[PDB]
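Shown here is one chain on its own, the form deposited in one PDB entry, set out as structure tokens.
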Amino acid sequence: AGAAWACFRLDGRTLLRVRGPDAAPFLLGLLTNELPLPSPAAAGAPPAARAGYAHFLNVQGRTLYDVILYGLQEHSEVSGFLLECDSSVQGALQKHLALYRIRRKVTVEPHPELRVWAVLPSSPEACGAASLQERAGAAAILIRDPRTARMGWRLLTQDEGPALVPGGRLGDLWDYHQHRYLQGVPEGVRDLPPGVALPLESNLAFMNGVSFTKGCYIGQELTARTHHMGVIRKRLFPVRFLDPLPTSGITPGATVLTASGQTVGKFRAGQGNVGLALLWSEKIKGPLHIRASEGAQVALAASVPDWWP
């Protein structure tokens, strides 16, 4: 097992380009976070690029779309950003952006030629992880995942990932999603159903995705109220199914139960024997299970990610 990095082509994610003199205030009014912006050119022109995490919320304060924002270098009157969204919502996100671009000097275009890749360390110790990007060069747009270091690097490229990453092999996309679920990282519309998922229950603050010191944005009121009312009472947690599973798997929405039969949450989504569940943030320790169709149990275990604060 000789490759130090696994390189995954994320066909479920895609890029939109948002550019124009008004691109920043335009996006800031629609997202939960500040936008990524690198320090200005200093004594030359090295590749200073940053990523940020945010959600687009609806007016009820529910998450619509989870996005990663990338700062484009424009060096001129026009701001520019790449927005990475779930491929299945690209069109709905475009219509959502258009609703708000009346009297805004901004254009929104798909950038289908640049593909989204993820680069995960094969071993968590990651000697040499520190030097990967300087050790990859300016050919590779390789940026630390803004949600957590546990998610490795985003690589935006037209090329093949391993051709740019020293020690990198192509990975099986199954293993990328397995890693997400083991680490408790939600991504995309199954984990975050548009208009149903709630951002702070989806651990947005733990993932560097919300600012409580920014100006107005859609959904800000509910989100701020929830944050300031006290500890969040339900969150998405990683779960592991302990016994061999049905052939269909587990139905999204299935009730998670204590040994007493008390409801403590609902299964959200997963792959294989791992997934996420929306649970009360108390009482994730007790023995938990879901009821199969006979009522026969599927056991499961919930845990607390090690990168959470």
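Residues that one form lacks are left out of the comparison. Think of the rigid core as the biggest set of C-alphas that the two forms share within 1.5 Å after superposition. Residue positions are given as counts along the sequence shown, with the first one as 1.
Just so it is clear, the following notes concern the form deposited in another entry, a form of the same protein that is not shown.
With the rigid core aligned between this form and the one not shown, only one of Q94, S131, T107, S88 has a CA shift of 2 Å or more: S131.
Shown in the overlay between this form and the one not shown, fitted on the rigid core, is a CA shift at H75 of 2 Å or greater. Remark: with the core as the superposition reference, the CA shift of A259 between this form and the one not shown stays below 2 Å. Taking the rigid core as fixed, one finds a CA shift for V59 smaller than 2 Å between this form and the one not shown.
In contrast to the form presented, in the other entry the C-alpha positions of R115 and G137 draw closer by 3 Å or more. Compared with the form shown, the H75-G29 C-alpha separation increases in the other entry, the change being 3 Å or greater. Every Cα shifting by 2 Å or more, across three or more consecutive residues, marks a moved region; comparing between this form and the one not shown on the rigid core, these regions are 42-48, 74-79, 124-131, 134-140.
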